[PDB]
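*Asks:* Sharing a structure below in structure tokens format, with a few things to ask.
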Amino acid sequence: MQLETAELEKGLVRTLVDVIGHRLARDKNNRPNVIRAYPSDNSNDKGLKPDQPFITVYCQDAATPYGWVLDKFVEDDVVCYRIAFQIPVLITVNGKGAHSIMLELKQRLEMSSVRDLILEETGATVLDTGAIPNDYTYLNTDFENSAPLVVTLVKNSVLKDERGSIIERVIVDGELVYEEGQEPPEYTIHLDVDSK
Amino acid sequence: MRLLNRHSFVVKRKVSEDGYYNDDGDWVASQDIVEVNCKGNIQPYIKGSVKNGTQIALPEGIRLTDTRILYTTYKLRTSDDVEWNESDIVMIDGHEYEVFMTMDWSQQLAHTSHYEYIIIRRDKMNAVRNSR
């Protein structure tokens, strides 16, 4: 499995539709309003703001606090590497009662279930979950209630080194001497070992 | 006059001024809403950083903000905490426009006394009720 935030966001979006979809608004296709941040298509088209309440998913960054390389192994003749990653994600609810919805979303991510569905879709484990503020932003006319939350994930990624190769034959030479630097060696041992 | 009555629009005035705070602290708007027919003139408001039909790009999507200036002889009122009344609503293009500013030019001259208002398009949000 390779690590790609584009897939983690999609998996989280698909999971949230079932986990917390009953509290959200629904579009013309009856689907709950969960979307990825900064919507756009065809390199210039821009999405419209859905009907409230809705959810936004945005991946912040990715780091490797756990060393630099976790494993190096051979799976088939191609060499492989494994690396441990950490990915903080930001989920926000916009509308009225955003805090009341974020609280229930928090209380469900900690269940034994749900954490299995997340791993089934994204193949990642939930590591931490931060606090929830209760924000108000003026916009125009009326304030909008919002409630962000940060959910950190952990995943292992594997890549293939197509430039690598393996050793399958070894040739060894040796000598024996009574004294250091004895120019004609007392004995010479030549060895050759094949994998087969 | 003719130019002051070029446009016809609907105004929603909350005739009752009995809004109050519940025993739980929530706000309850005045109950009796009444529709009226009025005539005036509506033009775009060009001043400073004012935004007429301006598309706004946000991480959450796209918004649309608009604001206009209205000349009329009808006395519309904005929110007032001392008099304890709420503002009026003006229906333009099927959307709501809340009266935010007023300028009293009445009682100045015979044939040219009027009023000026700045009306801002109401933002989109979901509805909730607290009525006791």
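Note on naming: chains are A, B, ... as they come in the structure tokens, residues start from 1 per chain, ligands start from 1 in the order shown.
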Compile the contact shell of region 117-128 of chain B as a ChimeraX atom specification: residues with an atom at most 10 Å away, counting only C-alpha atoms, same-chain residues fewer than 3 positions apart removed.
*Replies:* /A:25,49-53,94-97,139-144 /B:42,44-45,51-53,63-72,75-78,88-92,95-104,131
*Asks:* Taking only C-alpha atoms into account, report as a list in words which residues of chain B lie within 6 Å of chain A.
*Replies:* residues 59, 60, 61, 62 and 126 of chain B
*Asks:* For region 59-74 of chain A, find every residue with an atom within 8 Å (counting only C-alpha atoms), except residues of its own chain fewer than 5 positions away, and show them as a PyMOL selection string.
*Replies:* chain A and resi 5+9+79-90
*Asks:* How about saving the chosen residues, N, CA and C atoms kept, as a compact mmCIF listing (two decimals), in the first residue's frame?
*Replies:*
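out.txt was written with the following content:
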# COMPACT_ATOMS: atom_id res chain seq x y z
N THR A 5 -2.60 11.18 0.21
CA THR A 5 -3.64 11.91 0.93
C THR A 5 -4.91 12.03 0.11
N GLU A 9 -8.41 11.25 2.10
CA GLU A 9 -9.54 12.17 2.18
C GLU A 9 -10.81 11.53 1.62
N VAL A 79 13.64 -4.95 -4.77
CA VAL A 79 13.83 -4.49 -3.40
C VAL A 79 12.66 -3.61 -2.99
N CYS A 80 12.43 -3.52 -1.68
CA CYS A 80 11.30 -2.78 -1.13
C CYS A 80 11.74 -1.96 0.08
N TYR A 81 10.99 -0.89 0.35
CA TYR A 81 11.17 -0.06 1.53
C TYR A 81 9.83 0.19 2.18
N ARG A 82 9.84 0.32 3.51
CA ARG A 82 8.65 0.67 4.28
C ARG A 82 8.96 1.89 5.14
N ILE A 83 8.02 2.83 5.19
CA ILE A 83 8.20 4.09 5.90
C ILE A 83 6.93 4.39 6.68
N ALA A 84 7.10 4.91 7.89
CA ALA A 84 5.99 5.24 8.78
C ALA A 84 5.67 6.72 8.65
N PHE A 85 4.39 7.05 8.53
CA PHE A 85 3.93 8.41 8.31
C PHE A 85 2.87 8.78 9.33
N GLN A 86 2.69 10.09 9.52
CA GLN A 86 1.65 10.64 10.38
C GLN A 86 0.96 11.78 9.64
N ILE A 87 -0.37 11.78 9.67
CA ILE A 87 -1.16 12.69 8.84
C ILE A 87 -2.25 13.35 9.67
N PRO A 88 -2.08 14.60 10.10
CA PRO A 88 -3.18 15.31 10.76
C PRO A 88 -4.21 15.79 9.75
N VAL A 89 -5.49 15.59 10.08
CA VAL A 89 -6.60 15.97 9.21
C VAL A 89 -7.50 16.92 9.98
N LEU A 90 -8.17 17.81 9.26
CA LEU A 90 -9.04 18.82 9.85
C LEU A 90 -10.46 18.65 9.32
*Asks:* Name the closest residue to residue 102 (chain A) among the candidates A:193, A:177, A:114, A:148; distances are taken between atoms, counting only C-alpha atoms.
*Replies:* A:148
*Asks:* If you run DSSP on this backbone, which residues of region 28-174 of chain A come out as strand (DSSP E or B), and could you give them as a VMD selection string?
*Replies:* chain A and resid 32 34 to 36 40 to 41 45 to 46 54 to 59 63 71 to 74 79 to 95 125 to 129 135 to 137 144 to 161 169 to 174
*Asks:* How would the residues just picked look written out with C-alpha atoms as a short mmCIF file (atom, residue, chain, number, x, y, z; two decimals), in the first residue's frame?
*Replies:*
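Dumped to selection-v4.cif:
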data_model
loop_
_atom_site.label_atom_id
_atom_site.label_comp_id
_atom_site.auth_asym_id
_atom_site.auth_seq_id
_atom_site.Cartn_x
_atom_site.Cartn_y
_atom_site.Cartn_z
CA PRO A 32 -25.47 13.96 2.87
CA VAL A 34 -19.74 16.05 2.98
CA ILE A 35 -17.06 17.48 0.69
CA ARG A 36 -13.33 18.04 0.34
CA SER A 40 -12.61 22.58 -7.97
CA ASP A 41 -12.71 20.76 -11.29
CA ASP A 45 -14.13 25.45 -12.08
CA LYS A 46 -15.07 26.20 -8.47
CA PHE A 54 -22.27 20.23 6.12
CA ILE A 55 -18.74 18.94 6.70
CA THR A 56 -15.38 19.77 5.13
CA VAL A 57 -12.31 17.50 5.07
CA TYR A 58 -8.83 18.97 4.57
CA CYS A 59 -5.48 17.22 4.99
CA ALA A 63 5.56 14.00 8.72
CA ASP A 71 11.99 -1.77 7.09
CA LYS A 72 14.09 -2.81 4.12
CA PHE A 73 13.34 -6.22 2.65
CA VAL A 74 13.11 -8.25 -0.57
CA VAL A 79 13.83 -4.49 -3.40
CA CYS A 80 11.30 -2.78 -1.13
CA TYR A 81 11.17 -0.06 1.53
CA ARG A 82 8.65 0.67 4.28
CA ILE A 83 8.20 4.09 5.90
CA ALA A 84 5.99 5.24 8.78
CA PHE A 85 3.93 8.41 8.31
CA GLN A 86 1.65 10.64 10.38
CA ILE A 87 -1.16 12.69 8.84
CA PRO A 88 -3.18 15.31 10.76
CA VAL A 89 -6.60 15.97 9.21
CA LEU A 90 -9.04 18.82 9.85
CA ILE A 91 -12.82 18.31 9.90
CA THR A 92 -15.18 21.27 10.29
CA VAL A 93 -18.95 21.54 10.68
CA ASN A 94 -20.71 24.67 9.39
CA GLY A 95 -24.24 25.67 10.33
CA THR A 125 -5.42 3.92 12.34
CA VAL A 126 -6.71 6.79 14.45
CA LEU A 127 -3.97 7.97 16.83
CA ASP A 128 -5.34 11.09 18.53
CA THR A 129 -8.26 13.53 18.56
CA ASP A 135 -16.11 29.59 16.80
CA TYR A 136 -18.23 32.43 15.41
CA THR A 137 -17.34 34.32 12.22
CA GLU A 144 -21.95 31.50 11.34
CA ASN A 145 -21.32 28.87 14.01
CA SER A 146 -18.44 26.50 13.26
CA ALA A 147 -16.64 23.71 15.09
CA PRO A 148 -13.26 22.42 13.82
CA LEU A 149 -11.57 19.25 14.99
CA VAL A 150 -8.21 17.57 14.31
CA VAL A 151 -7.91 13.80 13.84
CA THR A 152 -4.40 12.39 13.40
CA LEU A 153 -3.86 9.17 11.44
CA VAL A 154 -0.97 6.72 11.06
CA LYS A 155 -0.15 4.67 7.97
CA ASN A 156 2.71 2.64 6.51
CA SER A 157 3.73 3.08 2.87
CA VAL A 158 5.75 0.71 0.68
CA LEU A 159 7.69 1.51 -2.49
CA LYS A 160 9.61 -0.56 -5.03
CA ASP A 161 13.25 0.16 -5.90
CA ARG A 169 27.16 -15.65 -5.97
CA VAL A 170 30.21 -14.94 -3.80
CA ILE A 171 33.90 -15.43 -4.64
CA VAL A 172 36.37 -15.41 -1.75
CA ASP A 173 40.17 -15.55 -1.56
CA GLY A 174 42.45 -15.89 1.44
#
*Asks:* Identify, on the basis of only C-alpha atoms, every residue whose closest approach to residue 8 (chain B) does not exceed 9 Å; exclude the query and any residue fewer than 5 positions from it along the same chain; express the result as a PDB file with N, CA, C and O atoms, in the first residue's frame.
*Replies:*
ATOM      1  N   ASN B  37     -47.194  46.087   0.086  1.00  0.00           N
ATOM      2  CA  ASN B  37     -46.731  46.471  -1.239  1.00  0.00           C
ATOM      3  C   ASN B  37     -46.241  47.912  -1.202  1.00  0.00           C
ATOM      4  O   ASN B  37     -46.933  48.795  -0.682  1.00  0.00           O
ATOM      5  N   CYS B  38     -45.053  48.146  -1.752  1.00  0.00           N
ATOM      6  CA  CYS B  38     -44.415  49.453  -1.728  1.00  0.00           C
ATOM      7  C   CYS B  38     -43.812  49.747  -3.094  1.00  0.00           C
ATOM      8  O   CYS B  38     -43.671  48.861  -3.943  1.00  0.00           O
ATOM      9  N   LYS B  39     -43.457  51.013  -3.304  1.00  0.00           N
ATOM     10  CA  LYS B  39     -42.867  51.462  -4.555  1.00  0.00           C
ATOM     11  C   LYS B  39     -41.678  52.362  -4.258  1.00  0.00           C
ATOM     12  O   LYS B  39     -41.714  53.178  -3.332  1.00  0.00           O
ATOM     13  N   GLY B  40     -40.631  52.213  -5.054  1.00  0.00           N
ATOM     14  CA  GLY B  40     -39.426  52.983  -4.844  1.00  0.00           C
ATOM     15  C   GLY B  40     -38.519  52.924  -6.052  1.00  0.00           C
ATOM     16  O   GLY B  40     -38.980  52.841  -7.190  1.00  0.00           O
ATOM     17  N   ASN B  41     -37.218  52.979  -5.786  1.00  0.00           N
ATOM     18  CA  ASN B  41     -36.204  52.875  -6.829  1.00  0.00           C
ATOM     19  C   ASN B  41     -34.975  52.202  -6.240  1.00  0.00           C
ATOM     20  O   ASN B  41     -34.546  52.550  -5.137  1.00  0.00           O
TER      21      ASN B  41
END
*Asks:* Pick out the residues sitting within 10 Å of residue 86 (chain B), and hand them over as a VMD selection string; count only C-alpha atoms, and ignore anything fewer than 2 positions along from it in its own chain.
*Replies:* chain B and resid 13 to 19 29 to 30 77 to 81 83 to 84 88 to 89 99
